[PDB]
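Q: Sequence, then structure. It's an experimental one.
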Amino acid sequence: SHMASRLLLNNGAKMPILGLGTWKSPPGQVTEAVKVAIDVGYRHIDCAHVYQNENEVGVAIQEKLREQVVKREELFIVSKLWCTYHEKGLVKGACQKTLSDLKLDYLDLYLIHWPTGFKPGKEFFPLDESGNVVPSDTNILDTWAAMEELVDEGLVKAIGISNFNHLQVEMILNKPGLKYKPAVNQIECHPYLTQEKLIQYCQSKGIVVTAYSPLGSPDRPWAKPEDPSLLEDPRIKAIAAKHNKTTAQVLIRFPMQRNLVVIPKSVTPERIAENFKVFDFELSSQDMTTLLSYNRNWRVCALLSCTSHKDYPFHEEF
Ligand SMILES: NC(=O)c1ccc[n+]([C@@H]2O[C@H](COP(=O)([O-])OP(=O)(O)OC[C@H]3O[C@@H](n4cnc5c(N)ncnc54)[C@H](OP(=O)(O)O)[C@@H]3O)[C@@H](O)[C@H]2O)c1
Ligand SMILES: CSc1ccc(/C=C2/C(C)=C(CC(=O)O)c3cc(F)ccc32)cc1
């Protein structure tokens, strides 16, 4: 289908363009979900400390390594530094905690989960008595230096960012004494949020973009009835039907043809397999442009708690 399975990052490593997402995958189901994914061909898993299921994901990876279904070098494991760990002195420990839970001795990619730093502590979202999230005074350039140390200590092969707008990406690229550029910016992207500008900017700098919530995150906990629904969009279903594929398969193939990495989440064995079977057809340039035309600047993940945080990413146009 004129589609290679991996693309080149600016650290010299290759990254599988299809990965399994794990946000919201319940701890009692994610182990089998990851086993099934690897069994059917996935080599890239997207994780995060904040998803609270890294231990269970790790059980799956470890078993598949033990069974010799796959070698570690063939796996591409991604995790993310949570906001309460931006303080320089906490970054390594957060990384090591994720490594211990995932049962790995290194990550292929470690991302700053959000540009917004929070006060350190047990709570993922520390609040003042009025309900506001309490920020940290750490700035993202120092956090980036801490991330660079992880590469130099061998804990991760690549470092990157997530939910950074183009000015924030630019701030890193212009950092005095920058040692390693971000390899990846992982951002929300689907036909209702097409991200033409941010994607063009990142790619122009050699930063690879990963598209999250490619199916529109129907299981997002804050979903409402008025919300659009990609999987129910007759226009998208029509394109699927024309190709004898499912609507989800079209939604996953879409970012692949824009040179994006994409990470659909499922804990359903049947859908896990379906979501991987997207290398056997090609959307036309017309299909692509039609899908792009559906942009609404509609976000699943707007982090509405933190609009007042100085580093909140989504006030900027991109
Ligand atoms: N960096 C960030 O801040 C950030 C933010 C959001 C997401 N992400 C990453 O991106 C991943 C994917 O995003 P997401 O979890 O928000 O949502 P998503 O992948 O767009 O959609 C997941 C939902 O779609 C369902 N689904 C999966 N395959 C399907 C299919 N073939 N047909 C019908 N329904 C299907 C899943 O149900 P079942 O699981 O029940 O099958 C689940 O409810 C996340 O898991 C996470 O790893 C990162
Ligand atoms: C402090 S009240 C609040 C504020 C923000 C959010 C938003 C969240 C979003 C967008 C995500 C997905 C992601 O960032 O990957 C998330 C994952 C988690 F484990 C926990 C919370 C959140 C949820 C609740």
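A: Sure thing, it's come through. Numbers count the residues shown, from 1 in each chain. Ligands and ions are numbered 1, 2, ... in the order given.
Q: So which bits of the stretch 101-250 of the chain are right by ligand 2?
A: residue 125 (C-beta under 6 Å from any ligand atom). Every residue, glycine included, has its C-beta placed from N, CA and C.
Q: ok, 8 Å please
A: 113-114, 124-125, 127, 133, 162-163, 212, 220-222 (C-beta under 8 Å from any ligand atom).
Q: can you pull the contacts of the closest residue to residue 38 other than its chain neighbours?
A: Here the nearest residue to residue 38 in space, its sequence neighbours aside, is residue 64; by C-beta to C-beta, 6 or more residues apart in numbering that works out to 4.6 Å. Going by C-beta atoms under 8 Å, 6 or more residues apart in numbering, residue 64 touches 34-35, 38-39, 70.
Q: circling back to that earlier point, same list (the residues of the stretch 101-250 of the chain next to ligand 2) but as CSV, adding distance to residue 204.
A: Below are these laid out as CSV (distance: C-beta to C-beta, whole Å):
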residue, distance to residue 204
113, 24
114, 23
124, 34
125, 34
127, 39
133, 33
162, 19
163, 19
212, 21
220, 31
221, 35
222, 33
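Q: so who does residue 295 touch?
A: Residue 295 neighbours (C-beta under 8 Å, 6+ apart): 191-194, 196.
Q: Strands of this structure, start to end?
A: 6-8, 14-16, 20-21, 44-46, 76-81, 109-112, 159-162, 184-188, 208-212, 261-262 (DSSP state E).
Q: Export these to JSON lines and append columns for mean neighbour count.
A: Converted to JSON lines, the strands of the chain look like this (neighbours: other C-beta atoms under 10 Å):
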{"stretch": "strand 6-8", "mean neighbour count": "14"}
{"stretch": "strand 14-16", "mean neighbour count": "19"}
{"stretch": "strand 20-21", "mean neighbour count": "26"}
{"stretch": "strand 44-46", "mean neighbour count": "25"}
{"stretch": "strand 76-81", "mean neighbour count": "26"}
{"stretch": "strand 109-112", "mean neighbour count": "28"}
{"stretch": "strand 159-162", "mean neighbour count": "26"}
{"stretch": "strand 184-188", "mean neighbour count": "24"}
{"stretch": "strand 208-212", "mean neighbour count": "24"}
{"stretch": "strand 261-262", "mean neighbour count": "27"}
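Q: Ok, which of those comes nearest ligand 1?
A: Minimum separation from ligand 1 across those (C-beta to the nearest ligand atom) falls at strand 20-21, 2.6 Å.
Q: Counting neighbours, which bits of stretch 221-231 end up buried?
A: residue 230 (16 or more other C-beta atoms under 10 Å).
Q: What separates the first and last residues of it, distance-wise?
A: 17 Å (C-alpha to C-alpha, to the nearest Å).
Q: So which residues make contact with that stretch?
A: 24, 190-192, 215-218, 236, 247-248, 251, 296, 298.
Q: mind putting these in TSV, neighbour count included?
A: Listed next are the contacts of stretch 221-231 as TSV, based on neighbours: other C-beta under 10 Å:
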residue	neighbour count
24	14
190	28
191	24
192	20
215	22
216	24
217	22
218	13
236	22
247	19
248	21
251	27
296	11
298	16
